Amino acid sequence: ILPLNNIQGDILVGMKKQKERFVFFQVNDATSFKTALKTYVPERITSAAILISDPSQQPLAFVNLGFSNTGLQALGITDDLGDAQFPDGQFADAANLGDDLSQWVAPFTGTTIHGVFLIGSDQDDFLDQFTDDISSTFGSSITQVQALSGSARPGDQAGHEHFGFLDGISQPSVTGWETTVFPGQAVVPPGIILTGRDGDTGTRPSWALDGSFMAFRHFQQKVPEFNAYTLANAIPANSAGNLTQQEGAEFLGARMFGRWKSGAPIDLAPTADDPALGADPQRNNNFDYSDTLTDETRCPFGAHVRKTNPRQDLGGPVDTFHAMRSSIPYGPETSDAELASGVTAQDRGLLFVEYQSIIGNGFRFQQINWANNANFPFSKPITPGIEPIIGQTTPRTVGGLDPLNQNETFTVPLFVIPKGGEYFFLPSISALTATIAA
């Protein structure tokens, strides 16, 4: 039985707030920081139990807190957490992920960052008040080195990312607590997500129980460029018949992601959007690629969702490589003038957050072994190629996007630019005060 009151809520449940701020900080004075932490944590750090409660019993903003390796070292927290990538930080790992290092920016270009406060709220006012509360509480014991702020997109684009696609449909469900499981949803032991729980094979200090590792990525997205590419390479026809250019461009976007913008998965809706399906969590995840293991008519081998969660491409259920996501878009809407020009003029993108007990099995496996790997999924009749959305191998060639000409390859410009990121550990709530602040 998972102690829901002791697990930081963004890990297990997700804040699911309209606004989110990530306050990256360095510790100036370890003793004063720890003193502030002992009063801050009981008052502000939001558990999974709070997130599943009625909204009437919830605070106006949620706060979670993670530390980098250098943050833990700065606080005299010296026990090895057992993860291969966490100690060196993400900048040292960025080339491995395929990143263009020249696009990284301060303060992520090293290991100056000691931790991150994540604040979630449904409006800017409350977000700001809780941010100010951190500043007031911790004072000179920290220096804020960056704040990145995100917001859900407006109106009927709420829950969609900046390319236009509904994000946050498919998540693993962990055993150990009472929750609803949707058709097609993976069920995994809790240690896939929570350090020290069943399914976690890493060597953890006892105090690390019920923590998790966050892979944070700051992505800038090139939306007019993405849109222009889909129009220039619009699929002329599918099984159902000929497509207008607009239809063929929409279809090409859906082929690249593995879902239509509505969230309808192409494995279920292979020729036309089904928005009602996309909006129905009882149906929108109920597929496993078993109907398309050895052909690409229903779904390309290299589509985003298929690369990051291969389902039956692995031969059956596999616990090991699932991870939780709690990403949020950032930046202004793309104007009609920007879309017309085909050129990005404003900074917008995704503040990407993925949780797993073993970084190398979650985010990093999905990125390197799968998305970046032209020959994954394995044993296919046509080379899958590089995942078009976040795959980082050049040339960025992906096959099978045209269901009626599956040997045709598409060389896709990179529309998602990594600007920085870090690996954090989020301890349990008790660990924050009994270990970190001790």
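In this text, residue numbers run from 1 along the sequence as written.
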Original post:
Given the B-factors recorded for C-alpha atoms, which segment has the greater mean, 125 to 133 or 76 to 84?
Top reply: 125 to 133
**OP:** Taking the mean of the C-alpha B-factors per stretch from the entry, tell me the winner out of 389 to 397 and 63 to 71.
**Re:** 389 to 397
Original post:
When the CA B-factors of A237, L268, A337, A249 are compared as recorded in the entry, which is the largest?
Top reply: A337
Original post:
What's the residue among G89, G360, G155, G211 with the greatest CA temperature factor in the PDB record?
Top reply: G155
Subject >> Chain-wide C-alpha B factor ranking for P310, given as lowest, middle or highest third >> reply: lowest
Original post:
Lowest, middle or highest third: where is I382 by C-alpha B factor in its chain?
Top reply: highest
Original post:
Of the three thirds of its chain by CA temperature factor, lowest, middle or highest, which one includes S47?
Top reply: middle
Original post:
Relative to the other modelled residues in the chain, which third contains the C-alpha temperature factor of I11: lowest, middle or highest?
Top reply: middle
**OP:** Would you please rank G164 by its C-alpha temperature factor against the other modelled residues of its chain and give the third it falls in: lowest, middle or highest?
**Re:** lowest
